[PDB]
Each structure stands twice: as structure tokens, then as C-alpha cells.
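The chains referred to below are lettered A, B, ... by the order of the sequence lines, with proteins before strands, and numbering in each begins at 1. Computation of the quantities below employed the complete heavy-atom set of this structure, encompassing side-chain atoms and omitting hydrogens, waters and symmetry-equivalent molecules.
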Amino acid sequence: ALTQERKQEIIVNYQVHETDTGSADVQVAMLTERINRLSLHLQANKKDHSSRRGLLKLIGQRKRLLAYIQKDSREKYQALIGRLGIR
Amino acid sequence: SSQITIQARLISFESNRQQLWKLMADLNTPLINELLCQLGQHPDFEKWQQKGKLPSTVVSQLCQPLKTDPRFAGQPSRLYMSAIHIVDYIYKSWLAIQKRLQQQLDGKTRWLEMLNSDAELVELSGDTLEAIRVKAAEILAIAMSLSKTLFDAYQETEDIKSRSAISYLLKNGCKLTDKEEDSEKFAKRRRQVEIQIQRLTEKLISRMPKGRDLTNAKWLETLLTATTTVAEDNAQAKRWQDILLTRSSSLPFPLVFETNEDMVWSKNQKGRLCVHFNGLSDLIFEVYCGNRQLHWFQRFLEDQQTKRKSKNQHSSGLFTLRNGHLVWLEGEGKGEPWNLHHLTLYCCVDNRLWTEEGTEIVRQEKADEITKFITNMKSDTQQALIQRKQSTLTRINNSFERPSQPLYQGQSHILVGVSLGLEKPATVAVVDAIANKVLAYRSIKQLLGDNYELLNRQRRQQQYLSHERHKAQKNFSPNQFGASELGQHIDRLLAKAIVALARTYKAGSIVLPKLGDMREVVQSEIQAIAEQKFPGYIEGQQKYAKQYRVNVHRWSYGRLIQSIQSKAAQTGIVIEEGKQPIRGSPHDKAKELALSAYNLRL
Amino acid sequence: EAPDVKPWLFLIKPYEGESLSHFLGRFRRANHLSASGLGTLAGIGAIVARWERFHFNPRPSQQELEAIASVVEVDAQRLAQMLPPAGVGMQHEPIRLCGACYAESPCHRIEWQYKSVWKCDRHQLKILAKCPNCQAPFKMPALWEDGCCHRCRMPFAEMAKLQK
RNA sequence: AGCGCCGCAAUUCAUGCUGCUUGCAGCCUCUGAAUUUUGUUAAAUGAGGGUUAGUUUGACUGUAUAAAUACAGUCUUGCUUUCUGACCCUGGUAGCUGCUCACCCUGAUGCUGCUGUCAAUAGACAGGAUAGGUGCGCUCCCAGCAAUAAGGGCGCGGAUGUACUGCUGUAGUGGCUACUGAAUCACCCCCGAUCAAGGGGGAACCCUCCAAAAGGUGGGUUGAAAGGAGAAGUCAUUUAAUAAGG
DNA sequence: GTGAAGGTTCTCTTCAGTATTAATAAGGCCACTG
DNA sequence: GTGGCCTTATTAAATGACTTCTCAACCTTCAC
Ligand SMILES: [Mg+2]
Ligand SMILES: [Zn+2]
Ligand SMILES: [Zn+2]
């Protein structure tokens with residue numbers, strides 16, 4: 001689970017502006033935090049198929065959002081994935 | 001069916017178990033995986049599928065350069081040989097499956113072409129129905145194997161009248177019929193064949209044998225990829241998911257010892273039977289078995305000692321032990337795998353080799369087969385093969401002095417027919433065939449006797465355990481179980497009851513039905529009905545008769561047939577195959593199954 | 001009988017880019033047919049209700065388009081033009097609308113569902129994926145009887161000025 | 001209500017019984033078949049989870065016999081399963097982590113359903129398979145909930161180029177890991193073993209036997225079955241995720 | 001020098017497949033007429 | 001009794017089943 005402080009820090013860091021809470025860039029940043037933590041869990045917990053179910057959802061959610069961003073603008077898309085460290 | 005398996009736990013100190021586990025998991029199973037990969041890429045692979053046969057030596061040839069590859073080099077000679085046998089039998093299995101499926105697809109595709117309605121047969125013959133009926137009466141009078149003979153007659157007879165007459169004659173089960181064709185029952189029967197062709201076509205898209213990766217390196221690298229990389233499209237992400245859901249293989253492939261003397265038996269000073277394997281004699285394993293099997297493991301030592309005392313003038317061709325499989329059974333709980341899992345030896349024996357009379361049966365079977373071989377076989381190593389065969393043929397004459405038990409004698413005119421059904425798994429009729437009289441019926445309830453309550457237990461547990469799995473799946477709970485072992489128990493109880501009744505009436509044989517593939521018949525029948533009832537509504541079609549289709553997929557007619565065949569062979573009762581009639585009750589089906597198998601003796 | 005009458009049905013002319021879902025909906029309304037009714041009339045059964053949602057596993061086959069081309073007098077080649085051409089990826093769920101096209105021709109265009117389409121080149125407008133006044137998503141094109149948003153009743157022709 | 005199962009009762013009957021004439025004719029006690037009712041103080045079924053290298057289901061040889069098997073002697077090992085008993089539980093402490101929820105309507109193979117102290121709110125404590133409904137049981141039905149089947153309705157905020165997102169708490173409910181609680185058994189107790197390991201001591205009932213009012217040698221017994229296994233492919237069902245399908 | 005590990009061959013699979021006798025069905029809600 | 005509705009695909013897993021294949025043996029060599 002994700003703390004409100006880490007959540008709000010993600011919001012502030014990826015916001016387009018101070019009241020943006022839901023742009024696709026903020027959404028993929030939130031999902032990237034979740035995917036990173038859950039990958040570390042599943043590397044240690046291969047039999048946690050319940051948690052693995054969540055990963056496949058989260059990876060798909062981010063895949064759809066990044067594909068949406070990429071055809072709004074490749075400049076914003078490339079900058080965003082570079083910040084998040086996604087190849 | 002005189003080959004059976006007996007098993008024992010193998011016990012040894014930890015360093016022996018660890019050394020064997022590492023040989024199996026780190027070298028032998030990776031070698032098997034590599035052989036499966038290379039064999040599936042071989043340029044002759046596509047012609048092996050057409051022959052349905054693997055070359056006798058191609059796995060051995062592929063393994064030779066791998067025996068000194070740093071990935072695989074550390075193994076005894078018999079472990080390489082075991083890996084070869086594993087891989088060779090896998091493809092012998094898979095190529096045989098694909099070959100038969102292809103023949104089924106070709107056979108039914110021809111039938112779909114020659115299945116024409118009388119409205120179509122009128123046009124395609126150009127003759128009135130009475131005219132083709134007469135021509136079918138002539139062609140039947142010549143073809144008098146009848147089915148195959150008509151299928152032979154069809155192909156090269158390009159004369160559309162005779163060709164249509166054969167089509168009409170085959171539509172009716174190789175016979176004349178006066179009655180009119182019900183056009184909707186024909187259209188349904190045509191549709192069944194299309195579904196069967198489609199389902200055969202889909203089954204022929206089987207995967208190549210997948211192997212056992214025990215490291216699961218592909219899973220972890222895919223996890224790192226899918227979490228840090230953008231998927232190029234949906235199909236890459238789907239392939240990632242398909243890998244991430246794939247479950248890890250825990251256990252290596254077992255070892256196979258096709259030379260019975262590669263298991264060397266001994267008794268330790270604490271009096272326990274012990275075994276070691278060729279190439280691993282430093283690892284002594286202690287035999288821990290039930291007394292109900294101990295007499296076999298004692299026999300393995302006595303057979304070994306007999307041939308040593310005779311300075312190898314006996315043949316191991318008559319050793320009661322045939323081969324061994326060395327298996328790790330999955331342990332519950334946690335530990336290092338050589339501690340967690342339990343090492344188990346499975347020995348094939350031929351039950352006839354227990355007695356002296358049965359050994360004489362095997363000796364003649366061996367002698368005839370080897371005398372045939374030596375005559376037909378006639379290089380230096382091929383001449384050495386002849387000399388080994390001639391040594392076997394000489395040495396099988398030396399007796400092991402085994403227990404004498406006179407062979408079963410059954411009356412040729414007394415048969416037991418066993419009717420198999422979805423509702424009543426077995427029903428038997430003892431028939432005196434020259435008298436044409438039933439000596440005894442038994443129902444399923446009389447066969448099970450006091451065990452009959454197990455049959456309602458099975459139905460009740462199959463319902464209950466399916467529903468508990470359904471509930472557990474939604475929670476991702478691992479606690480998913482089923483009644484397969486109870487079902488196996490019931491089929492073995494029935495098999496013993498049937499054979500005991502056969503012995504009691506001195507039946508010469510047990511008659512079993514040629515059911516064919518009941519599941520593909522039922523599945524294509526129900527689909528053809530459902531497509532009429534739910535046109536354009538696939539989920540309605542799949543809901544239709546769902547529980548009947550499930551019941552037919554659970555019907556264990558093969559396991560019951562196999563259990564009967566094994567028990568009859570262990571008492572020397574002949575098994576015969578007959579055709580079960582569709583008419584009548586299970587009792588009448590069993591009687592007419594028995595009597596038809598008697599009349600089919602030619 | 002009426003003498004010298006040929007057995008007949010109410011027809012509709014398909015518009016130049018009209019989607020199959022929109023077209024079948026008009027034909028059904030012109031004949032007060034339920035979605036199940038047209039499928040029974042063509043004999044393909046429940047498939048029509050599936051096509052009207054753009055659920056195209058499998059795609060409309062040659063057999064079924066030729067079957068529908070028996071009750072609808074539009075030929076199967078023209079019915080295939082109501083669908084994505086081969087290999088053009090389409091999305092069924094987000095139903096989309098240009099509005100400025102709807103003021104010129106009251107049909108849903110199948111190209112508004114293509115994964116490659118986002119602007120109307122004719123109008124130079126970003127096509128809508130929900131009602132711009134009240135954010136309600138558009139219903140399946142078979143159900144566009146009123147030509148307006150089902151929630152706030154704004155006509156699709158007025159949503160033209162709420163684009164791009 | 002429906003469906004499955006269970007027995008009950010009834011009819012007909014042969015795989016049952018009776019007879020001389022051994023292929024037929026009666027009958028329905030026994031042992032079974034055909035599915036026909038019916039739920040009764042009946043007789044049968046009965047599904048919360050777990051607990052033994054448990055016992056019996058063996059091998060060989062001699063003797064007997066019509067097989068079936070039976071008796072006597074010698075040997076015996078612990079594998080993989082199916083039942084019947086008996087016993088124990090309703091778990092604990094830290095971590096990691098999924099899913100769910102703005103709100104409303106409908107209600108799914110959804111969730112929950114025991115006893116009795118206490119107790120207005122809240123659940124706790126002590127019992128415990130008697131666990132909602134019927135003879136028993138269900139995904140059916142009843143009652144409460146339902147966000148965690150599907151759908152539908154409809155807020156403000158972000159976003160609005162097809163992606164969607166927030167309203168979400170010491171929250172509800174799953175999974176995984178580590179450590180840990182009870183039975184860890186086959187007549188009972190105690191001390192040990194668990195890749196090997198057994199030892200000690202008792203209670204009932206029956207044999208065997210001093211010549212005997214009385215207890216006591218030498219032993220026996222204290223629930224049964226089944227077995228052909230590995231490897232590879234496939235089908236079916238269900239669950240989860242993804243996609244809108246070349 | 002008896003025991004352990006390791007070598008060696010075993011052929012061809014143009015053959016097998018394709019037909020019946022088929023069972024009452026196996027669909028369930030809603031609303032709406034007749 | 002008529003009529004409307006009910007989406008369909010792939011891949012992985014568990015369970016229950018089915019099918020196929022396999023089930024040598026004598027000899028040589030080097031090690032006390
Ligand atoms: Mg989408
Ligand atoms: Zn436009
Ligand atoms: Zn609106």
C-alpha cells in the first residue's frame with residue numbers, strides 16, 4: 001500500500017499545474033511507483049498469485065496510459081518515460 | 001498386460017541424496033531440455049511427423065556432442081542414456097499422436113465429401129432413388145471388412161452412379177434401407193462431421209514438448225522486462241503475461257534404467273535390502289517397502305545371486321525385474337530439495353516371471369522372437385549383436401527354479417461380457433455361448449458388494465470438491481483438490497470383482513467394448529444440437545448440456561478397461577474386444593457383447 | 001392478397017460512411033424490429049445484437065453479410081464498406097462523434113471508431129468521445145434514434161461548436 | 001417450490017427360491033433387477049478443517065479339497081491410495097502485498113447463518129460439528145449484507161486526441177513469507193525416533209491348568225480394503241488477466 | 001580378479017483412417033397475449 | 001405459446017479424464 005505523503009509527493013512532482021491531480025502523466029507516475037514495489041514483492045514471493053494478479057492489471061493500465069500519451073505528444077512521452085526510468 | 005509397477009522408498013544419508021539431486025537437476029534435466037529443443041528444430045522434423053516415426057538413433061547422435069559440453073559433461077554414462085531414453089520416448093509418443101490425428105482428419109474429410117443427401121445423390125448419380133438402390137444392392141453383392149471394401153470401392157470408381165450407390169450404401173451402415181431420409185437428421189449428421197473435422201484440425205495445432213526448466217530464469221527476466229519496459233504493442237504484453245502466469249517445474253525428470261542389472265541389489269549387515277545404480281555405486285540406497293511388495297525386492301536379489309552363482313550361465317532376459325525408474329516425489333513443507341522430496345524407485349516386473357510355469361511362457365516368447373530376429377538380421381558390431389542374441393537364446397534355457405503354480409484353465413465356451421456405461425460403469429453377464437444361456441448377471445451394486453457406498457461417495461465428492469475449488473479459485477487459494485484417487489479405487493474394485501467372477505465360472509475370456517472416443521462423439525453431437533437451438537449465440541451453445549458433457553469427460557472407461565486388462569493378465573484370463581450394442585439395458589448389452597465376441601471368433 | 005404486389009419491406013439508403021451498427025439500427029426502426037428479430041429474420045440469430053455493439057470476434061463473415069444482404073436489399077460488398085477494411089484496427093467501447101458531420105448527415109461513421117482517427121479532416125475538429133455538455137458517453141450507434149445526448153438532450157448538431 | 005441423494009413401501013420379475021421332467025411350471029422368505037410411490041415416533045444417507053512409518057488386506061513350503069479356499073510351519077519392511085473409528089481444532093505474533101469502495105438502483109455459482117453466558121451501542125468469554133430450510137444436501141430456497149458478477153443511474157475536481165483518474169479509512173476481504181499452538185493415533189498410558197527406532201508398563205475378554213476355599217502360569221485377541229508406473233500431448237470445467245483480433 | 005563403468009544394436013511401419021444401432025432433453029428468466 | 005435478451009477470442013492455473021510411448025542384455029575394459 002502507498003502512503004498519502006508519497007502519493008502527494010508523486011502528484012506534486014508530476015503535476016502539469018498545482019490543481020492537476022489526474023493527467024495521464026500523474027497517473028503513470030502513480031502506477032510506476034506501485035509496479036516497482038510490487039515487482040520487488042513478486043521477486044521474493046513467486047507463489048503470491050493473488051498479488052501477481054494485481055501486477056498484470058497495473059502493467060496493462062500503464063501500457064494503455066503511455067500509448068495514450070505517446071500519440072498526444074512524443075516530446076512529452078519521451079521526457080516522461082525518461083524521468084520514470086522506463087525503457 | 002502382464003507388466004506392472006511395484007515401488008519403494010529409497011533412503012540414504014544426505015550427501016548421497018544431495019549428489020543425486022544435483023546430477024538430476026543441474027545436468028540431466030538441462031540435457032533433456034536441450035535435446036528436446038534441438039530435436040524440435042531438426043531439418044527432418046517435418047518428415048518425422050509424416051511418417052509418425054522417429055529414427056532409432058537421432059537422439060543418441062544429438063547427445064554425443066552434448067556429453068562433453070560444459071553444461072552437461074559431469075554425468076555417468078547411464079545418466080546420458082537415461083536422458084536419451086526420456087527424449088526418445090517423448091517424441092515416439094508425440095509423433096504417434098500427431099500421425100493418428102492426421103489420419104483421422106483425412107478419413108473424415110473424405111467422408112464429408114461422400115456424405116450426400118438423397119436430394120444430392122439424385123443429381124450426382126443422375127438416377128432415381130430406386131435405381132441407385134438397385135445399384136447399391138449389386139455393389140453390396142460384390143463387396144461381400146465390408147466397410148473398408150466399400151471405402152476401397154469408392155475411391156477409384158469414378159462412375160458417379162456406382163460412386164453414389166456406394167455413398168448411399170455407406171450412409172446406411174453398409175446396407176440397404178427402404179425408409180426415407182429425414183432431411184433435418186441428415187443435416188445434423190452432416191454438421192457433426194464438420195464439427196469433428198474442425199476439432200481435429202484444432203487438435204493438430206498441438207505444441208511441441210515443452211521440457212522442464214527448474215531455474216525458471218525466463219520468468220524472472222520477463223518480470224524485470226515487463227516492469228521496466230514499454231510494451232511495443234498489445235501482443236508483446238500478452239506474451240509477457242503468458243510467461244508470467246506459467247508455473248515453475250519443481251522436479252527433474254526421473255532416471256530410467258532399461259538394463260535390469262544396472263540395479264545391483266545387496267543386503268546390508270542390518271539385514272535391509274539395498275540397491276546401487278551403475279555409475280553411482282558409491283551411493284548405497286536402502287529399500288523401505290511394504291511387505292506386500294517385499295517379495296518382489298527379495299526376488300531381485302535372488303535372481304541376481306542365481307546368475308552370479310552360475311557364472312552368468314543364466315540370462316537376465318528372464319530376470320523378474322524388467323526396468324527401473326528413479327523418481328523424486330514432491331514432499332510437503334520446506335527444506336533443501338534433496339531433503340524435502342522423497343526418493344522413490346519404481347520397478348517394472350513381468351508377473352509371469354514369478355512362477356516357473358509363467359517363466360516357461362516367457363521363455364518361449366523370448367526364444368521365438370530372438371530366433372526370428374537372428375534369421376532376419378542376417379558389420380563387426382552387427383555380428384556382435386547376433387552373438388549376444390545367440391547367447392541369450394542359449395541361456396534362457398537354464399531354469400531359475402521358481403515357485404510352481406499351475407496356469408489358469410478357462411472354458412473357451414464361457415465368456416464374461418462387461419457392459420460399460422455412463423450411468424452404470426460396469427455390468428457383467430456370464431454367458432454359456434454354445435448353450436446361448438446366461439449363467440449369471442451381476443449389477444454394479446453386486447460387483448462392488450460392501451464397497452457399493454463408495455459409488456455414491458464419488459458422485460457426492462465430485463460435486464462437493466468441484467464447488468470448493470470454484471470458491472477457492474476466486475480467493476487465489478491453493479487448496480484445490482479432487483476425487484481422482486477414489487475413482488481409481490472404484491475401478492480397481494470393479495476389475496477384481498469382474499475377474500473373480502470370471503474365475504468362479506471358469507470363463508475363458510472377458511469381453512470388453514470398443515467404445516472408441518466417446519468424448520469427441522458426445523461433444524460433436526451436443527454442439528450440432530446446440531447450434532440449432534442457440535443460433536449465433538455461442539455462450540448459449542456452450543451452456544447447453546454442459547453437465548452431460550462434463551459427465552462424459554469424467555467417465556473413466558479407459559482406466560476401468562486398463563484395470564480389467566491388468567487383473568485378467570495376472571490370472572491368465574484372455575481379454576477379447578467386442579461391439580457393445582446401443583439397444584437394451586446394461587444386462588442385455590453385456591450378454592450380446594459377450595455372444596458377439598464369441599461369434600466373431602474366426 | 002393485393003394483386004400484382006411484390007413481397008416488400010421498408011428500405012433505407014446507407015449514407016456514404018455509415019457504420020453497420022448505425023445502419024442496422026435505422027433499418028430496425030424503419031421496420032420496428034428488435035435486434036433479435038432481425039437476426040431471426042436473416043436466420044443468423046443473436047449475432048445482430050453482437051454486431052450492433054461492434055463486438056467483432058469473429059468479424060462479420062461472408063456468409064452472414066450475404067445473409068443480411070437478403071433481408072436488407074443492400075449488397076454484401078456495400079455492407080462490407082460499413083465496417084473497417086482489412087487490417088484497420090478499430091475500438092468498440094469509446095463510441096465517438098464529429099457533430100459537425102452529424103449536422104450534414106445524421107449517421108455515425110465507422111471511421112470514428114478507428115484507432116488511427118482523432119480529427120475530422122473535413123471540419124478540422126477533434127472528434128468527441130463523450131457528450132461535451134454533460135460528459136455522458138454516447139450510446140451504441142444503433143440507438144441513436146433521437147440524434148441527441150440521452151442525458152441532457154443536447155442535439156449532436158449543437159455539439160459541433162463544443163469541439164477542438 | 002425445483003434438483004440430486006437416502007431409505008421406506010408397493011408392483012412386476014429373474015441373476016433369487018421350490019420341484020422332477022434339467023426345461024420348464026409355480027412363488028416372492030432370502031439375494032438381486034426394472035427407478036413407481038413416499039418422508040413418518042420410521043431406516044438410511046449426511047460435506048467445517050486437521051491428526052499414525054497406525055491395524056487388516058502378504059511371500060514361500062507341506063497337508064486337504066470340486067474350485068473357492070482352509071489348516072499347519074517358516075519369513076515379513078516402513079511404498080502409493082480408499083474407507084471406518086478415535087482424537088484435536090476453531091488459532092496466534094511480526095512482515096510483504098493484491099483486489100474493493102463518491103453516492104444510488106438491481107442482485108451474482110457473491111458473502112454470512114452453531115450453542116449458551118453475558119451484552120442497549122459492541123462484541124467478548126466458555127462450549128463446539130448438533131451449524132439457516134427438508135430424511136439428507138445444493139450453485140436452489142429463506143433472512144441480512146452486497147464495493148469487491150454483470151449492468152443501469154448520477155455528482156463535483158483533474159484530464160478530455162481513443163487513456164482514464166480522485167472522492168479510499170487505525171477501512172472490508174484475500175494471498176505470500178517467517179516463527180509459532182493441538183491431536184501427530186487403531187485397546188489404554190508414558191518415554192523416545194522421524195532419511196528410521198523402538199522401549200517400558202497396564203485394561204478387558206478367551207484359551208491353557210494346580211486338583212484347590214482362592215489367584216494364576218504360557219499365550220492369544222481387542223476395524224477393514226486396493227494397487228501399473230513414469231513421461232509427453234490433448235479435451236472439458238472453473239478461475240484470473242488481456243484484447244476488440246492480423 | 002570380481003566388480004564397476006561403459007558400448008553396442010535392434011531392421012520397416014504406403015499404414016491407418018473414413019460407415020452404423022443412436023437417446024426425451026439437457027433454456028431461463030422477464031412480460032405479454034390467448 | 002410468442003418474443004426479447006443473453007458477446008467472443010487467447011493464455012495461464014487448478015481439477016477430472018482421454019490418448020500415445022517406454023518397460024534390453026551380453027560383452028569389454030580397467031581397476032586389486
Ligand atoms: Mg479503452
Ligand atoms: Zn466532421
Ligand atoms: Zn449530454
Counting primed atoms, P, OP1 and OP2 as sugar-phosphate and everything else as base, the B/S/- map of nucleotides 61-77 of chain D against protein heavy atoms under 4.0 Å is S-----SS-------BB
Using a 4.0 Å heavy-atom cut-off across all strands, classify B/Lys185 as base, sugar-phosphate, or nothing. nothing
Distance-only donor-acceptor test (3.5 Å): side chain B/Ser77, base E/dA5: no
Looking only at whether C1'-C2'-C3'-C4' is positive or negative, is the sugar of F/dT8 north or south? south
Return the CG to CG distance between B/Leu150 and B/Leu170, rounded to the nearest 0.5 Å. 5.0 Å
Scan every strand shown for a Watson-Crick or G-U wobble partner of D/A193, both distances under 3.5 Å, and answer none if you come up empty. none
What string of B, S and - do you get for nucleotides 129-138 of chain D 5' to 3' if you count protein non-hydrogen atoms under 4.0 Å? ----------
Would you call B/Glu113 and B/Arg110 a salt bridge, taking side-chain N to carboxylate O under 4.0 Å as the test? no
Would C/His55 count as stacking on D/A244 if stacking means ring centres less than 5.5 angstrom apart and planes tilted under 30 degrees? yes
Has the side chain of B/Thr5 got a donor or acceptor that lies under 3.5 Å from a partner of the other kind on the base of D/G228? yes
Tell me, which of residues 86-103 of chain B have any heavy atom that sits under 4.0 Å from an atom in DNA chain E? B/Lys99, B/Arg100, B/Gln103
Are B/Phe476 and D/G175 stacked, counting the six-membered base ring, centres under 5.5 Å, planes under 30°? no
Extract all donor-acceptor atom pairs below 3.5 Å that involve side chains of residues 6-14 of chain B and protein atoms in other chains or at least two apart in sequence.
| unit_1 | atom_1 | unit_2 | atom_2 | d |
| --- | --- | --- | --- | --- |
| B/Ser12 | OG | B/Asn16 | ND2 | 2.8 |
| B/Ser12 | OG | B/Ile284 | O | 2.7 |
| B/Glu14 | OE2 | B/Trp338 | NE1 | 3.1 |
| B/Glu14 | OE2 | B/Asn339 | ND2 | 2.9 |

What residues form a salt bridge (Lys or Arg N to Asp or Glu O under 4.0 Å) with A/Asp48, not counting sequence neighbours? none
Decide, applying a 5.5 Å centre-distance limit and a 30° plane-angle limit (both strict), whether B/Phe151 stacks on E/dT18. yes
Verify stack between B/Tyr464 ring and D/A47 base, 5.5 Å, 30 degrees: yes
Give a yes/no verdict on base stacking between E/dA26 and B/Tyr548: centres under 5.5 Å, planes within less than 30° of parallel. yes
Going by modelled atom types, is there a donor-acceptor pair between the base of D/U80 and the side chain of B/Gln7 at under 3.5 Å? no
Is it true that the neighbouring bases D/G218 and D/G219 have six-membered rings whose centres sit under 5.5 Å apart and whose planes meet at under 30°? yes
With no angle test and no hydrogens, is the base of E/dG7 tied to the side chain of B/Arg78 by a donor-acceptor pair under 3.5 Å? yes
Take the six-membered rings of bases F/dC18 and F/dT19, measure centre-to-centre distance and interplanar angle, and say whether these fall under 5.5 Å and 30° respectively. yes
May I ask whether D/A240 and D/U148 qualify as a Watson-Crick or G-U wobble pair, both distances being under 3.5 Å? no
Do the side-chain N or O atoms of A/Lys63 get closer than 4.0 angstrom to the phosphate oxygens (OP1, OP2) of D/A243? yes
Between D/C99 and D/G172, would you say there is a Watson-Crick or G-U pair if both relevant distances must stay under 3.5 Å? yes
Any donor-acceptor pair under 3.5 Å joining the side chain of B/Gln547 to the base of E/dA26? no
For a quick test of reading the model: is some side-chain N or O of C/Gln135 closer than 4.0 Å to OP1 or OP2 of D/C156? no
Can you check each nucleotide of nucleotides 12-19 of chain D against protein heavy atoms at under 4.0 Å and return B for base, S for sugar-phosphate only, - for none, in 5' to 3' order? ---B----
